[PDB]
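Proteins get letters first, then strands, A, B, ... in listed order; numbering begins at 1 in each. Counting starts at 1 for both ligands and their atoms, following the listed order.
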Amino acid sequence: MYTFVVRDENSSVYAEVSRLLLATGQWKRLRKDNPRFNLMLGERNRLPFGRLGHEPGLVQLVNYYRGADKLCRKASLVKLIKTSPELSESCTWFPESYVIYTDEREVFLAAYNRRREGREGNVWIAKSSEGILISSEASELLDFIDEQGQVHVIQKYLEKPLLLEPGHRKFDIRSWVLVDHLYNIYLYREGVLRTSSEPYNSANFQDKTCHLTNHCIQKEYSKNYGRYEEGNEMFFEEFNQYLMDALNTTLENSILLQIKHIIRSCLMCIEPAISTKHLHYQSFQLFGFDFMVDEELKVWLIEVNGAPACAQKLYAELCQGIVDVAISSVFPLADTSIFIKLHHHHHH
Amino acid sequence: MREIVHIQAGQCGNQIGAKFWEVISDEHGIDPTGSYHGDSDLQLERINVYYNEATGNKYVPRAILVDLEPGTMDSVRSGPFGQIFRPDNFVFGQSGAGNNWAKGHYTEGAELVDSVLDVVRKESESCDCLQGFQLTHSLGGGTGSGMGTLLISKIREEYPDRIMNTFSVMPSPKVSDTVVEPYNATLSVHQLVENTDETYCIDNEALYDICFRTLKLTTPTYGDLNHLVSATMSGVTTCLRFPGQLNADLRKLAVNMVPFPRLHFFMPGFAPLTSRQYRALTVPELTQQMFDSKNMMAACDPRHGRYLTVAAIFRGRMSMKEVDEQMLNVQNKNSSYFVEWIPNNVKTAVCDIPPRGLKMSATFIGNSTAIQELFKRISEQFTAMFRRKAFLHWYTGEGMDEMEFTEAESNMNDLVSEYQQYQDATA
Amino acid sequence: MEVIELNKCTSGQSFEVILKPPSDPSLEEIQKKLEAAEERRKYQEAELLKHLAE
Amino acid sequence: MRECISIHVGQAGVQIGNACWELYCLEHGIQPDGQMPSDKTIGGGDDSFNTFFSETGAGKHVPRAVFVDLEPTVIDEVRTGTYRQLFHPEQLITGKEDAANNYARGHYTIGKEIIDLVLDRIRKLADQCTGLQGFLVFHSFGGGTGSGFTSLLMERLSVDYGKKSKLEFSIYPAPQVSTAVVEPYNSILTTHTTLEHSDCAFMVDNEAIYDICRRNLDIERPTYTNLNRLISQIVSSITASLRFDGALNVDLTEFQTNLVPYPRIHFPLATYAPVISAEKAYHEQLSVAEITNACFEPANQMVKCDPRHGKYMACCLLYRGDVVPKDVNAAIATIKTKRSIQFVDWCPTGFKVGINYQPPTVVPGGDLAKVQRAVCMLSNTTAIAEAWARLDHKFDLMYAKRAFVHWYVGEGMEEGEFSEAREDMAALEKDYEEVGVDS
Ligand SMILES: Nc1nc2c(ncn2[C@@H]2O[C@H](COP(=O)(O)OP(=O)(O)OP(=O)(O)O)[C@@H](O)[C@H]2O)c(=O)[nH]1
Ligand SMILES: Nc1ncnc2c1ncn2[C@@H]1O[C@H](COP(=O)(O)OP(=O)(O)CP(=O)(O)O)[C@@H](O)[C@H]1O
Ligand SMILES: Nc1nc2c(ncn2[C@@H]2O[C@H](COP(=O)(O)OP(=O)(O)O)[C@@H](O)[C@H]2O)c(=O)[nH]1
Ligand SMILES: [Ca+2]
Ligand SMILES: [Ca+2]
Ligand SMILES: [Ca+2]
Ligand SMILES: [Cl-]
Ligand SMILES: [Mg+2]
Ligand SMILES: [Mg+2]
Ligand SMILES: [Mg+2]
């Protein structure tokens, strides 16, 4: 009998992982505060990594990577991309971004000025880790940021997104990645497109229901929520069919290659900082990567989410995959794959 | 922290006391005459915890034998090791105590107690560094129960900074001399809660059931019961009698086992259970058996409570790697039964010398909140008689008032409630 | 990566390497504390012996 | 030359002292009778080894050492064993009954009755020093003497030798070898009363030493003898610069100025490599780069924590054997490209390096193989606070129910010292976090 504790009640994903573990008859759940567990489904903040791996007679495993926040908070992600040679300031798949409360405010306006100088489109979006402003006026960016309290990032708004027809609408792609205790990188074969149900209007950035594809803001402010697909959620079979029908390509060739490239780059970059290869406790973690596709079929990384929920029709399959490859790999049960393993060894 | 002074009181206390001295004398290679005839210096390294050295290379148990009748102590003097005891250490009356706690505590026993303390004092004064006292006695009769707890009170007065340890046999209607045993036991427990540091609750209920169900003895005798007691007593004193790291003296044991001063009543266990067999026992089997409710000497269901602290002792040549692995498996696979607000509350000892007739054995000492079942049982039998004031005249005739019974009952019910407090506390 | 303050001897050597520049109670109070604790011990003992005398 | 007095307190401190002084005698060529043929200045001298040994007119080299224990059986083994002739009776101090795993019993009850005798025997050695620099104090966190007597001793040494430096080697409690449920109490209590009196403290978690012995020495179930021989090698690494010619960490003061910028954060993490079993029939000797890389593996640290998730304030590399600077710098260059080494913004990113050319001595018949080069890293990293978080959590669990507290109150301690000590630790945990984490 393996044992585990549950310390994040609000987790859609691990609520289901828990229930699945029970239903095997080989996993006993324990009180939140009992230390004699094999598996910690931990809290989201101030998880006590320092207390793990000191129980004699217990291989211990936790569902978070200490240090993963560097990827999963937008300010740190910008810092990580700019300062790491393995990603670089030259990186082609991350939008131009600056951290604003070192602070890079003057660095921001110098590149903005050749936009003014260059007859380039120059709208930017300001976000933090509600509170999103899109505008081609720097003055209104920095004005907005400080009557709020905390750190913000200013990122170039992608002016020419790929728009689905019918609808002339926007979308983003959510990819679910599971990294196991051996640092294999598994991409769940099902993604989801979080669609806008409103037509994209390049002329009014003050209205954000055609500019923000978050599932809540469409369930909230938008006339046409659900018009084209269930819950503004187009899955991969349909999106592939559309790309074949409309653009004469596949999802694999035009978008997924880049997504896999970006996922491996990000994760192989922080691997030395967070790997548990020879640690006294071990880690896995589920990430959600958010991507945008411009009209040239170029993929851009938006942000990385350290505590993602799933799409409701995918919970069952994903969560069985977590227990399969992340939990039973370490703790086997008594006597094809939904994941794509991301590995690539080019010799040069 | 070397010398322990041993006191055995009354019929039961002297019968198990004698068997205890027989068993550990054989373990230490001491023969009925006090002469050492052993093969190992592990036998003598801590011999002076229990034995005095008399010239002629003679070892004399630091043992005082007390009774209000001479009968059972004449039997000890005639038994196999009776010659080993120091003749001056036999302190007896003639009156008897009539299975009457009041006679033992207040009338007959008061007459004799000063001579017992003269002998205790003379043994204490010859001690380089006295740790304290162990008393063997029953709670259901009169001498061991009433005079024993009187002795404990007087010893604490004269040595308030030494440890007081008892082996206390609890009465049971299944193995019963008289109907007043619940009265004597309740009055005694009241004393024990205040004036001992550690008490091994030996339940005549459990010893009978082990003899009946497990060892297939159809009509158990006191002899068969005491074989279980002397083997358990040998086990729980191993850490005091041989070189070792853990619980090696009475005060360190108390510090490891007693988190709250009143909750100091322990449930002992032994494996493998033997009657007065050639199959070898594996370390996994020793470990499952020592934790088995059927190997506990206090008739309480460990699953009905929670372990506050556990001390485990393994005896024999075996693999310490396997011992540690198996102990860790018990706690990790039944973790809910060990309180989580006392981290690492299970401590383990291994001693290379096994007891006679076994190559491997294990002794369990648990401070469980399930012991409340024992006191609830005594409390119900008490109340059933006390609500009609039945059989009280035997006590009021010795000067006692009913109010003393009401107080002892209330204090024992408080002890039950304090165990229930910690069985529910969650952290 | 600058090596500095190299010192050598017959038994060994030492040096520093920089990768990057920089971006009580008195005796009386004690014997007081040990005496307050000793008196707390003697009080508890006297209270026990008072109760045993009752 | 300035002298160092070693003080060994309680079972852990005394038995580790045994292992260290044995190793010292092997390393310096001092025989069990105290004779040292290679010392040509008979009856005196101010050589480097004299910081740890004095000399008699008869040529006997005597440790500047005091052994203190509240019960006699452990120091009686010193009095009676291989190195009995090394020590003067006046240097071995025993009580009759011990502290029963109880900090208050060792500090208040029993400490009060023996502190004066100990300080007088310490004064005996100080009197034969032309220029005493201070003290090295070996003890466990978890025992009643090791915790309680030491904190009293530390307070009094500050009074009687207020100028002198005081270094600790402290055994942190691990359940796989621990003797008492209350070791978390004793640990916190003694860290609180000792913190201001210690200048630099090297903590050794028995859990880490235990696992190093199982994993790398192939010892199924390590004993104290296995642990202490390994600990003594690390202590030897740390003290070798007091005992041999060199220019790094040559007095106790330099340990503080090299490893401790902030006085309360005075707990450097030690990491040692390589640990190789003497029964390994075929071993390929490890290079400078490989042993140096191993200094950044948590599995080789004296305390399991993760320095990738804290920050460094200082780092010292202490090499023994066939090592030259250029191979150290080459190994450091490679390691910096491959590893998360972050210093606090107000300290230089760098390493102080000491090399002694004599490879580590090992005890004949012991468990450690001889190796051609070895290193001990001393790094002041905030990640060691993980160990304080483990201890403080255990302390909180028991103390919230006042479990076992009556054993301490019964010795004259006030219940409030518990929460005073625990608040101090809380301040310590927050100091480490201020220094080592950004928002
Ligand atoms: N590494 C190592 N740890 C030890 C040794 N001896 C004891 N310990 C550890 O120290 C703690 C026990 O404290 P001790 O030093 O034995 O106790 P003490 O200082 O003698 O104090 P009292 O016996 O209570 O008077 C436990 O955590 C032990 O595992 C040893 O020789 N080596
Ligand atoms: N440079 C950019 N160009 C165009 N659109 C952008 C953009 N940056 C963000 N967006 C839009 O912002 C929205 C997502 O904002 P954000 O990255 O802050 O998500 P979020 O953290 O608030 C919710 P979750 O983490 O659950 O996905 C998307 O709809 C995206 O189209
Ligand atoms: N286990 C055990 N119990 C005994 C023995 N003798 C008596 N008892 C129990 O002790 C109680 C009677 O007390 P006893 O010791 O005979 O009376 P005392 O001489 O006045 O102290 C009853 O519970 C008996 O069951 C014995 O040899 N072994
Ligand atoms: Ca009379
Ligand atoms: Ca000389
Ligand atoms: Ca000072
Ligand atoms: Cl001074
Ligand atoms: Mg009888
Ligand atoms: Mg008299
Ligand atoms: Mg000791």
Side-chain angles (χ1 to χ4, degrees), chain B residues 7-20 22 65-76 79 91-105 107-122 135-151 154 158 166-189 200-211 217 220-233 268 276 297-299 374 377-378 381 394 398:
Chain B
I7 300 153
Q8 54 191 62
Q11 169 168 59
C12 177
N14 272 282
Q15 264 154 25
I16 81 181
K19 274 277 313 146
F20 167 79
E22 278 172 48
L65 298 81
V66 173
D67 211 341
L68 284 168
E69 316 194 27
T72 301
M73 280 178 38
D74 287 335
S75 272
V76 162
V91 185
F92 51 94
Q94 303 286 337
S95 65
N99 287 298
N100 193 329
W101 191 90
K103 293 191 173 170
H105 207 78
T107 60
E108 306 303 322
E111 211 179 313
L112 187 70
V113 65
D114 280 356
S115 34
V116 180
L117 299 148
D118 290 337
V119 172
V120 177
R121 188 171 309 106
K122 174 177 122 277
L135 167 73
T136 57
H137 65 148
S138 70
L139 304 194
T143 309
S145 199
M147 198 197 170
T149 52
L150 180 67
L151 271 167
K154 302 276 225 260
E158 221 184 304
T166 70
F167 296 83
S168 298
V169 181
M170 313 309 204
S172 171
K174 251 190 284 211
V175 199
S176 190
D177 291 358
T178 73
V179 298
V180 283
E181 287 168 355
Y183 283 158
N184 301 330
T186 301
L187 290 159
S188 268
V189 161
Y200 302 100
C201 316
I202 297 160
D203 199 350
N204 262 0
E205 187 118 353
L207 307 175
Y208 184 84
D209 289 337
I210 290 173
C211 280
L217 303 187
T221 67
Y222 281 125
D224 302 321
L225 280 35
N226 298 341
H227 168 79
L228 287 180
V229 182
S230 56
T232 291
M233 290 184 62
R276 271 149 94 218
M297 315 281 154
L374 188 145
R377 197 192 72 207
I378 305 304
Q381 307 160 358
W394 301 119
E398 303 297 312

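- Close approach of ligand 3 to B:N226 (heavy-atom distance below 4.0 Å) involves ligand atoms 1 (N), 2 (C), 26 (C), 27 (O), 28 (N).
- Considering only non-hydrogen protein atoms, atom 14 (P) of ligand 3 sits nearest to B:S138 OG, 3.6 Å.
- Closest protein heavy atom to atom 19 (O) of ligand 3: B:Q11 N, 2.8 Å.
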Practice problem: Go through B:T107 and B:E111 one step at a time and tell me if the side chain to side chain contact (heavy atoms under 4.5 Å, CB included) criterion holds. | Solution: CA-CA 7 Å; B:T107 60; B:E111 211 179 313; over 6 Å; no

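- At least one N/O/S atom of B:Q11, whether from backbone or side chain, sits less than 2.8 Å from the Mg ion (ligand 8).
- Between B:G10 and ligand 3, no pair of N/O atoms sits closer than 3.5 Å.
- Here B:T178 has no heavy atoms under 4.0 Å from ligand 3, in either its backbone or its side chain.
- Using a 4.0 Å cut-off between heavy atoms, B:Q15 contacts ligand 3 through its side chain alone, with no backbone atom that close.
- Side-chain atoms of B:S115 and B:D118 form no donor-acceptor pair, as typed in the model, at a separation below 3.5 Å.
- Under the 30°/60° scheme for interplanar angles, the aromatic rings of B:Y200 and B:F167 are found to lie parallel.
- Using a 4.5 Å heavy-atom threshold, the side chains of B:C12 and B:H137 count as separate.
- For a threshold of 3.5 Å applied to N or O pairs, the pair formed by B:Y222 and ligand 3 contains at least one separation below that value.
- When hydrogens are left out, the protein atom nearest atom 8 (N) of ligand 3 is B:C12 CB, 3.6 Å; that is the closest non-hydrogen contact.
- Compare B:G104, B:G144, B:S172 by their heavy atoms: the one nearest to atom 21 (O) of ligand 3 is in B:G144.
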